[PDB]
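For reference, the structure discussed in these notes is given below.
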Amino acid sequence: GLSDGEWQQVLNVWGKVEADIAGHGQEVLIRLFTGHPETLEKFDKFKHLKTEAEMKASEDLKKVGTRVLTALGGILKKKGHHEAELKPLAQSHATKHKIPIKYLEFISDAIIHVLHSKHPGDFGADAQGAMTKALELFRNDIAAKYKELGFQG
Ligand code: HEM
Ligand SMILES: O=N[O-]
Ligand SMILES: O=N[O-]
Ligand SMILES: O=N[O-]
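When we follow the working numbering, the leftmost residue of the sequence shown carries the number 1121, and every step to the right adds one.
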């Protein structure tokens, strides 16, 4: 699904995120909210924010971005064997807060963009390819739980 070497390329670049979960989390969310303003409408706590200066100063947004990349790192490090980690994630993105699968695609794109901007010597062509497939797998498995939970994502 991913080869062992693709997982290695994923885990390597991810190691670089661990040195600043929070800074990365902010840059991913700013990239997401700026490329795709409608996604910001999903976060009741900071949906009123308008500009990037405001996003950068939000503690709530920073905390959300830390929680996203913390939960994703846990899932990636399972290297595909992530049924347990995915279960609560699917339940929360499909019930109270309904996150379209398309929005997981937007945030995937934003993660890939930030890793490339920040860690390019750790994220060449094949490594971007691998990360792209690892995120596709994550969304695919999430969409499958969406169905069981009665959310057409
Ligand atoms: C890599 C993709 C993502 C990951 C790993 C992720 C992870 C998480 C985690 C750990 C939580 C806290 C779970 C909890 O509240 O019990 C959460 C909650 C939430 N997320 Fe995400 N998230 C992702 C994508 C998104 C996107 C793209 C959006 C909106 C566009 C979003 C919107 C929300 C909202 C509204 C909540 C609160 C849900 C609740 O009250 O339980 N998430 N996410
Ligand atoms: O994307 N916040 O869970
Ligand atoms: O913008 N993706 O490298
Ligand atoms: O758009 N910042 O690489």
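Every residue, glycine too, gets a C-beta built ideally from N, C-alpha and C.
> Is the distance from the Cβ of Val1148 to the Cβ of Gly1194 below 8 Å?
Replying inline: The count along the sequence shown starts at 1 and reaches residue 1148 at position 28. The count along the sequence shown starts at 1 and reaches residue 1194 at position 74. The answer is no: Cβ separation not under 8 Å.
> From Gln1272 to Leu1206, what does the alpha carbon distance come to, in whole angstroms?
Replying inline: Reading the sequence shown from its first residue, position 152 is the one you call residue 1272. Reading the sequence shown from its first residue, position 86 is the one you call residue 1206. Using only the alpha carbons, I get a separation of about 17 Å.
>> For the alpha helix (DSSP H) containing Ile1232, name the first residue and the last one.
In response: The residue labelled residue 1232 in the question sits at position 112 within the sequence shown. Where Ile1232 is concerned, the enclosing alpha helix (DSSP H) stretches over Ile1221 to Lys1238.
> If you draw a straight line from the alpha carbon of residue 1104 to that of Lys1216, how long is it in whole angstroms?
Replying inline: Nothing in the structure corresponds to residue 1104, since the chain is present only between 1121 and 1273.
>> Between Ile1227, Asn1260 and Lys1222, which has its C-alpha nearest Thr1154's C-alpha?
In response: For this step, residue 1154 is matched to residue 34 along the sequence shown. Selected option, being the one with the closest Cα: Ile1227.
> Do you know how far the Cα of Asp1242 is from the Cα of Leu1269?
Replying inline: Translated into positions along the sequence shown, residue 1269 becomes position 149. Translated into positions along the sequence shown, residue 1242 becomes position 122. Spanning the two alpha carbons is a distance of roughly 37 Å.
> If we count the other Cβ atoms within 10 Å of its Cβ and call it buried at 16 or more, is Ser1178 buried or exposed?
Replying inline: Within the sequence shown, numbered from 1, the residue matching residue 1178 stands at position 58. Result: buried.
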